[PDB]
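What follows is one structure encoded as structure tokens, with my remarks underneath.
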There are 2 protein chains.
Amino acid sequence: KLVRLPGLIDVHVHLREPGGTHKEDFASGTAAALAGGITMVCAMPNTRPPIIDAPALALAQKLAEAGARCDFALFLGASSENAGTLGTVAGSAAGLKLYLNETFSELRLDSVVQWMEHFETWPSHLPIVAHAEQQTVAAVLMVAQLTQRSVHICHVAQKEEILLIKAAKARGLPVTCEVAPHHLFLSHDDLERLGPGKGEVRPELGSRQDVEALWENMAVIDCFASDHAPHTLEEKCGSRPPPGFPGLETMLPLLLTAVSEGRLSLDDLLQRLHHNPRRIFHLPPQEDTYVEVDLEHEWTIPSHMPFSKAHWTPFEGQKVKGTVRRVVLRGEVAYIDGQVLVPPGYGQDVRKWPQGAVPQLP
Amino acid sequence: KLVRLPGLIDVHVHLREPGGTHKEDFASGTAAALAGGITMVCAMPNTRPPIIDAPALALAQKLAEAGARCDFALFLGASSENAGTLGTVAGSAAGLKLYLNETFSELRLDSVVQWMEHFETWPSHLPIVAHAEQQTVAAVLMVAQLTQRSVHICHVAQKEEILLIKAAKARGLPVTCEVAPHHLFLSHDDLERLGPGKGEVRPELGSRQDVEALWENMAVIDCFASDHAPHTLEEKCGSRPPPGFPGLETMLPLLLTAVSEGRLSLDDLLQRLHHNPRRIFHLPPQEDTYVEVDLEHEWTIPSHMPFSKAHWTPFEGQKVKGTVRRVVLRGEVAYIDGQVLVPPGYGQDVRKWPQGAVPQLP
Ligand SMILES: NC(=O)N[C@@H](CC(=O)O)C(=O)O
Ligand SMILES: NC(=O)N[C@@H](CC(=O)O)C(=O)O
Ligand code: NA
Ligand code: NA
Ligand SMILES: [Zn+2]
Ligand SMILES: [Zn+2]
Ligand SMILES: [Zn+2]
Ligand SMILES: [Zn+2]
């Protein structure tokens, strides 16, 4: 007996097209998504060229419409130069992404005044998300309060971060957050196995006490999102390894294992991979779309998953219970037992759907 | 220029059929819903006969399928006799409703042990909602904790109640709540105008400080819901007046006025009348469904609204800004400028849709 789930949403993926297509492209990344039970993804803008203006957005849109196998929205990225220039295209993007620390990106904002300018000029009804580690979470929350609007915090990893967000919610402040699976299922205890190259990620892996704090404060976590960040093994094992893990194909199996162990409920899971992603980002429903999972199947994660071009995974050797058996997307069978069955280009930009626009005042 | 909204959801309405059809029936109540921009309603079980067993549910389902003009789900009601007997039909209902105080109902539970039995026997993945006033909110929250599950609190009205729920959420407890428009827009200051008959409602109208506390703690309010409780003027003005107000046709106009005044944002409104109702009750999307409102139109609420058989309203004389211009439901024009255009029976039971079942473990 299978369980039917709605079409799950991952609001934080890196599909590397344009400019890094040896790591992943729209076609391979969305195949990995479907294989992990994900039918809609929001793609980050730290590509080459980065999606920081209208021409780059236009290019990315066509590449995604031609290559994506599942549906998608594309983030715009904040730069030191583009505040106040995105108003005509802002509504066509998933939202605006701010890079406030040193990760795999050059979209550096070198002053909190630049953060303020983006919060003041980006349309107030559209989403803003921030890469903000440790004390940076408090700093960007200050900027959100000074400009009287909401903010969403990407991949929360540490006790310090989730407790701060918890205190902000208790004061009624409009903040939401997401947590990625490696920060719930990996810790410093795993760095000896992974090694210093494979183990590079931002935010870095936390302590066992960080992981325990995230689980203890599950009520504070609005979304799960993979931060699918594919790099090749050659890159991860080389002299200057880039940070990030692939994760689309492993996220739901890991979380289903936790559900079967009683660590969280099926509803807890569906709030965080469907309902809350919808409502925070104003993402539309998907007609005739659902995911069938088998909760009984026990298996061990191999050295690489079938679809991501990253061709490695930090969860190798972990035992999981639960697997994706079939995915239907808008009335067509998209995935069955390891075979993707919709071609590149089947996926659509959900912000072009009439129901996919963010409502605003005239 | 109109604003397009998604199909709004009211999770707390009384449509009085079967048994009280002089107050309202499915056809008149759902016409009032469409006129107020509501495309799906959840109907309470305190009818005559009350919906407290499988035969009564079957009857109510057919009456709704034949009379409803918008889509719907039907609550089951908890009784002193039916704990442990609803398992075969539980999944077909919106949820289980507990009447824990003395309102317009005989579904009296005369012991917290009966509350415990319902929390233990109702399927753990399906919704439970409670009419729970003042200290009863704390008592039912205790029962939810003892049985390790969630609860939803109906029409929160007082500072005491919202602050208690706020403290529970700060402790991570799984509780949600709804607030009705009369407790945001009416107070003791209005009882002299209404009089003791028309003014009877449960929970009773609060003080100006109660109303200010609800607005101050908007972040704690998960849903708006009308508690549409129609009674005739003869009944409200008679010797033994029943409690309750009609409200489907006035709820969105009142809230749109508040939005135009800057008291809350359009997003705040759509979280509470669309996204959170969906996710708390696992209600499915509605294809090709939307509501067009005009935010500029200023008008005064008359002595009765066009569609509810209650033929009165406690908001008479209040000035509002905002009106529903057009509603489309599953591809058909359902309402335009005061004319309902879908017939009785157009509406469907959303729990029969494949996407409308609540997911559960096998
Ligand atoms: N380790 C990561 O997090 N890597 C991400 C960037 C990011 O999300 O910061 C990437 O794009 O490679
Ligand atoms: N005043 C009310 O609240 N009336 C409701 C009952 C209820 O919701 O308690 C009714 O059914 O009339
Ligand atoms: Na396409
Ligand atoms: Na019908
Ligand atoms: Zn990041
Ligand atoms: Zn990222
Ligand atoms: Zn009630
Ligand atoms: Zn009621």
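Residue numbering for chain B follows Swiss-Prot; the residues present correspond to positions 1460-1821, in that order.
Quick check of the header: X-ray crystallography, 1.9 Å.
Yeah, the Cβs are placed from backbone N, Cα and C, and that goes for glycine too.
Looking up B:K1521, B:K1556, B:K1618 in Swiss-Prot, the residue bearing an annotation of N6-carboxylysine is B:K1556.
Swiss-Prot lists B:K1556, B:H1590 as binding Zn(2+) 3, and of B:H1614, B:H1641 the one it places in that same site is B:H1614. Between the listed binding-site residues, namely B:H1473, B:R1475, B:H1614, B:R1661, the fewest other CB atoms within 10 angstroms of a CB are found at B:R1661. In the three-state DSSP classification, B:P1702 ((S)-dihydroorotate binding site) falls within coil.
If you check the binding-site residues B:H1471, B:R1475, B:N1505, B:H1614, B:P1702 against B:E1637 (Zn(2+) 2 binding site), the ones with a Cα inside 10 Å of its Cα are B:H1471, B:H1614. Using the Cβ center of B:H1471, B:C1613, B:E1637 for Zn(2+) 2, the list of other same-chain residues with Cβ within 8 Å runs, in sequence order, B:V1470, B:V1588, B:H1611, B:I1612, B:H1614, B:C1636, B:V1638, B:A1639, B:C1682, B:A1684, B:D1686. Excluding B:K1556, B:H1590, B:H1614 themselves, the residues of that chain whose CB lies within 8 A of the CB mean position for the Zn(2+) 3 site are, in sequence, B:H1471, B:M1503, B:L1557, B:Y1558, B:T1562, B:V1588, B:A1589, B:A1591, B:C1613, B:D1686. The number of other CB atoms found within 10 A of the CB of B:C1613 (Zn(2+) 2 binding site), across every protein chain shown, is 25.
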